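Alright, two takes on the same chain below, each alone as structure tokens: structure 1 and structure 2.
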Structure 1
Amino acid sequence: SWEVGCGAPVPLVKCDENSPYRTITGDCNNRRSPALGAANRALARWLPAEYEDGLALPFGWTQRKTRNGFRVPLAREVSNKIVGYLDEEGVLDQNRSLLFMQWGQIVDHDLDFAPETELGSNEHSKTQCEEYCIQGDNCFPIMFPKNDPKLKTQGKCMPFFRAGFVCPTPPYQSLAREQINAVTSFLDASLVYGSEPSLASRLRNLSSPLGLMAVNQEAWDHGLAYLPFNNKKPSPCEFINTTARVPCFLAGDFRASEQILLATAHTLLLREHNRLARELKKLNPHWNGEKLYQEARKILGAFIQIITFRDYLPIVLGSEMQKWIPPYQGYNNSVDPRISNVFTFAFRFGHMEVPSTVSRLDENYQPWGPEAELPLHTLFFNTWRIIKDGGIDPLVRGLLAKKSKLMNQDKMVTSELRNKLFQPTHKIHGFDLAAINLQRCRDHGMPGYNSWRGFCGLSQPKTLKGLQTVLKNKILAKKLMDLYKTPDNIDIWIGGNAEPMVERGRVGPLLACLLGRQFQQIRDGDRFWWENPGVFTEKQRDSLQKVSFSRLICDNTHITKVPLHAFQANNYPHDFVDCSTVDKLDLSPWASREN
């Protein structure tokens, strides 16, 4: 199908071969093929890339070249006609807490990250894209349609820059264009520790051999830690409030501060590392800094994998869980662990679960103050609300007691995301996540909706009547048809999310397939999977099976009432219990004797 060795821009290192620990870059997991699943490599292609020029140019780039005979509708128009809604009332998920959403984003950020192309600082093309909206090279603007209110207010377009790609980065000329995954393909808490040796090192506290992660020195949260501020200026987080002047946090992953709840979750994970690191130190005084670091890191990785596969995915894939992720039979070296390019859009299903407001709660889970409930859009890259206004506990209670947004064919993505998204590079709260997503599909050269329906062994609708049957919706199907002319052209993002949900799940037949396969692969292909014999000991495994996100809260915050099942919708005080009633992680099977 292709060539074989275009394996350039990569920090190439040598494998320790016998190390009990994962590498930070992801290298050396697979023994026959070291770089398989590594970071800064191209995303895997489950299907051949579909470009306008069958190489690099996206569909919609040249205005005269059609896709399958039709012109691809503008991202933002697909957004304005299908993805929008005004009535937030009734849109909540009756059986999923806010956390259900927040975890998806954690999982995702561990697995995949496609950075925009750089070659730009002290540059006029950043301005040639912003001001004039001139399509060229890596500037691929999202134009506003006729009758779009952002025309009167914002301009002619929203800047959008194509994602980075394999061997070079500037122009180029050779084979097809493959995007970069800047993070490791394994569910390994890479969002906590980093995916590069340098970042991973900056994040560490090497002033002490306690194996702790660097914490903030300027601010504390009731004797608890915050993440370290970010060195780099200009800082997006200082921008949103030039009086407060509070930088973004420095975590393992660069999107950390993208929104308060995300930063909250990160903070909880950093805290859990140091907790384990000093609890392990108490059990094993003789261990050195490196040992505490790696052993705690390993436990956090185990922790993440368990919650995801035991608590999170069965309530996403519902009944289709068994069909795609059968019980673990052991490591399989023939499996491709790599994250596929299409997965990075399939997982964007979590976007339709984000609600319009974020709440804080006092100790009685009662509203925290006069402005307890805030609009989502005022929280992107907002750290000053955490540091200068109450800590993470009121936000964490919100995550538990409040609900997620239920995907709804009539009410897909909230306006807080569709109209008022803040981009770290720019100055306005006026971007469209929906347009970006749709534009990015095309940027990445994703095959059509029917290409993926076929890939998954599902019927491929050609007609309006066909589409109505598969989507079980006359109106929706009709709008899609009028925009796309042909079901073969529907972008996978909007197409996959448009299908009704599977029994006891929160995605459709096509999404449950794409997700299902991927998650099956990263597990079966990961040598350091927690259940893989030899990774942990039987007693160690026996201890990890008792972990629960609820406990994580209890041990890392000052909350005392939590639910047992934190992903389902829970009512205070009926479903909440005292932390004393919640099973602990017994770290005793991690004891090591001399003689």
Structure 2
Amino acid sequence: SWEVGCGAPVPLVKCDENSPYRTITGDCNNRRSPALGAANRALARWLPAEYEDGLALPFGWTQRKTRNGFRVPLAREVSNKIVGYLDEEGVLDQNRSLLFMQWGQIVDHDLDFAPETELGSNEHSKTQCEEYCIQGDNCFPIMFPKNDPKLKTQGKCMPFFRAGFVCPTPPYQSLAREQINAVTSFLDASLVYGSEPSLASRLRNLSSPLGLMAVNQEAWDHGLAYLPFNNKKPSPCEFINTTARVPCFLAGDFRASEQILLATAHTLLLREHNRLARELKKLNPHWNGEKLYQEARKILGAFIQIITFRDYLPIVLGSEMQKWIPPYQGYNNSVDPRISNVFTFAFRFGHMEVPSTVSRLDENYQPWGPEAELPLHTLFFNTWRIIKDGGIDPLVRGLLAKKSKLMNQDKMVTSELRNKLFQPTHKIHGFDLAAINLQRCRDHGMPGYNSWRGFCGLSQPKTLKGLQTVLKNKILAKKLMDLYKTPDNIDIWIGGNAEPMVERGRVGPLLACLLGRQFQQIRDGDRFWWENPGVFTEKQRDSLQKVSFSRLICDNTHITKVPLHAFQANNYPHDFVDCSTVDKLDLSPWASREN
């Protein structure tokens, strides 16, 4: 045989079989295979990787080398011809709040992160990849097609660095290249606590014995906590306004400041940890700092699991929810809890749910000041609009009262992401998330659309007429055939997102299958699943059943009017109630009696 386990990186398996709490790394969840679901290991392969050279080089790397007899089209040309639209009118989701989009990004960041390889440390190809657009090693530039307006204003290419891969990065490995998942595959609030012991300790307040997370000591939100600043340079949150000089936040996850509403959600979860820890200290004054942090951490993880599986997944998967995620039947230690490489592209359906603007709303849910509504691109790596523009509350009102973008076959990704994305160290609001997604599919050796259709037991269209029937769209099928030539070559991100949405859902059949299977595994394969008998007492579970995003807002802001169903499209004041009428989390079942 060949390498049965290339695990030279992170070989430390020191598991306490008795511990009632998760590790920060995800190790020790599975007793028989303790690294399963742990951070800093390979993404799972549900199907074999598909590279140009069978091992590592992406389809599209070598100009002459076809996929199935056809050249793969430029990611940016696919973005321009299929993904782009001008008219934002009529694009909003009449039955999903903006919080529906934002929760999807939060869950995705809990589950997976494939960071760009670190060969840019005091390196030219950091700026040389950008400067000279020369493909090589980890530089895999997104080249502009001839008619691209960006060819006129931005040079020959958008820089793009190949994702990190296991059995270290600069040299070869054991058959095909496997990209890393840098976070824990468990739905475990790793995005609040970190997936690495160093970060996890840095985020804690070890000054007091109260099991608190560290909070900003330079700025307060009407006496409510902010995340600490990340005091490291260069900072993209500083770069986007050098007058305000407000740094990025430091959170459990590297990406927390990518946009202002992610930073907002991260702020609510930090507040909630410190709140739970304070309540537990009252009930159990005998509890030390560690105990308080672990018990609060375990409650926040449960909160995230319930909102996700009870409130969010049903209104993503629609009719397909029951097919893929049956009612829970307990922990199955034969289930692979690892996030799959393909899932990390399937969950990018959220890119098509991001609308072009973000609003700040006042306490009457009316525009907050003269520039209440802002273009999303001005809010990438933007903490100063929080610190110096009325805190998170007006943004949280926006999350409740404003709508997600609806996916549309003729209006896929707003230009705010498709033409104006800002990437750290790159200096301009000029990148294309759609093109990045297609290039990344190829970077990760993704099987094409029809391989995934076959994996999901769905038809594999071979012709224009077959693709028209699957997509229920003749113009969309024609553009995809003109670019790809055969449906076998369609990159999974665009092919899954092109399918019309399932009844009561927000993704098509192929994505429902891939997402559904992944979520089934992360629940069934988790020893610490909130509803796994023994994790919580039956009384704790009866209290946990009452959590809501609504209560989270009431407890962790100066917002007093909230909807009951925060992911539905809700209009003020008709759909809003006082916080008074909203179920609280009763922590009394956490009262710990030895005497």
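Here, residue number means position along structure 1's sequence, counting from 1. Here, rigid core means the biggest group of C-alpha atoms that superpose within 1.5 Å across both forms.
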Please report, in Å, how much the Cα atom of residue 65 moves between structures 1 and 2 when the rigid core is superposed. 0.4
With the two forms matched on the core, what distance in Å separates the two CA positions of residue 128 between structures 1 and 2? 1.8
Distance moved by the residue 174 C-alpha between structures 1 and 2 (core-aligned, Å): 4.1
